[PDB]
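Here the structure is laid out as structure tokens; the discussion comes afterwards.
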Amino acid sequence: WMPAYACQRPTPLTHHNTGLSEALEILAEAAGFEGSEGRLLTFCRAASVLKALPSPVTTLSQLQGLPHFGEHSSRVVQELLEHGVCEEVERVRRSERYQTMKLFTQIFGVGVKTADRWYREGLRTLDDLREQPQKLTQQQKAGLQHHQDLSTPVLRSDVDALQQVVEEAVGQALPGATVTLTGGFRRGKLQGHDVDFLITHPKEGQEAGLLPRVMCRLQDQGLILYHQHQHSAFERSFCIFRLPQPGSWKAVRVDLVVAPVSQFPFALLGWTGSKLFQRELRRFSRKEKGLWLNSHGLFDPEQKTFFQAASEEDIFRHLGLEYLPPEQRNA
Ligand SMILES: Nc1ccn([C@H]2C[C@H](O)[C@@H](COP(=O)(O)OP(=O)(O)OP(=O)(O)O)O2)c(=O)n1
Ligand SMILES: [Mg+2]
């Protein structure tokens, strides 16, 4: 048997069922595009189960005794095994609605609601968006300006270069301040859509005003194409960096988040993901332990108390879970 919650089982980076999980994730994504959140979660859960299996699923008999594998997810896997293709998945892939929603939602600063509105208004292509600049936020304009580079997978080599310039700027702005790589790259991914950094300082409060100083330093070096700073809850800057490369350059999305050191373990846990892993962890916390977990803390609503954590391990322990390092959180 395999545990029900993704936070109770290791999910490694590489697995034996990538065709099957990809097909179920197409159905999940399509469901999200239609506002069908229940169905999204159900397909995401089923895909996540296949990622945790130790062996390839070669026959339908292998599905026995697995949680979150309802009739619909089973039929999809059955059609793939028997016929090499699932007609429902291929129809989604080929549909203009899905292709356009994928196109729009991929753009920096565009969510499902915005993409759906644009679809309903007859917009289909990136050129259609550029013909209607009054419909775009500044963030979305920047996303369109750099859309080719931003739909080029970010590589580990890009991350290492970016972490060096961010660490240099952070270290020059404030000695003692630290930079931690989070997101999918912390989980061991070889590529990604962006780079996530979490910034703090060991003395509570010394992190105040640090981010704008970091940003000034980076902007002075020609490294910033776009930056949106927001105070609100963590201070963060959603950016597009201009990454120099041999003979050229490429735009790369980078999120910089500042957390006070008291909240750092919660922020690190939340920001490391995966998105599904953290969804499952918060659900586990609430339903199984009566506690409310977020990126800032772990709250007992009965006692009106906050858990003091020094580490991610403290949080797992406090919730009665065996610790999973980041590379086993790839749910
Ligand atoms: N709706 C969201 C969005 C984000 N996150 C958390 C989990 C993610 O791991 C982390 C960083 O978000 P990203 O969108 O950068 O996701 P990843 O870095 O995990 O994936 P990618 O490789 O696509 O960047 O923030 C979350 O829990 N829920
Ligand atoms: Mg990321």
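These residue numbers are counts, starting from 1, taken along the chain as shown.
Cβ coordinates come from backbone N, Cα and C, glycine included.
Swiss-Prot names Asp194, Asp196 as Mg(2+) ligands; from the candidate set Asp127, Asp128, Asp149, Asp255, the record adds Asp255 to that same site. The feature region 'Involved in ssDNA binding', as given by Swiss-Prot for the ranges 137-146, 187-196, sits at 187-196.
Listed in chain order, the extra residues whose Cβ falls within 8 Å of the Cβ center of the Mg(2+) site residues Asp194, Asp196, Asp255 are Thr182, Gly183, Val195, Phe197, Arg253, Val254, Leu256. Gap in the deposited chain: 15 residues are missing between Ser232 and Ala233, whose Cα atoms are separated by 5 Å.
Secondary structure from DSSP puts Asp196 (Mg(2+) binding site) in a beta strand.
Less than 6 Å separates the Cβ from ligand 2 in the case of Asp194, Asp196, drawn from the recorded positions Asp194, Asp196, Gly270 in sequence order. Take the Cα of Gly270 (site 'Responsible for the low discrimination between dNTP and rNTP') and measure to each of the binding-site residues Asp194, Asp196, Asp255: the nearest one is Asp196. Counting every protein chain shown, the number of other Cβ atoms lying within 10 Å of the Cβ of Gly270 (site 'Responsible for the low discrimination between dNTP and rNTP') is 21. Under a cutoff of 8 A between CB atoms, and with a sequence separation of 6+ in the same chain, the neighbours of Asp255 (Mg(2+) binding site) are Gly183, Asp194, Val195, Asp196, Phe197, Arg236, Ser237, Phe238, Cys239.
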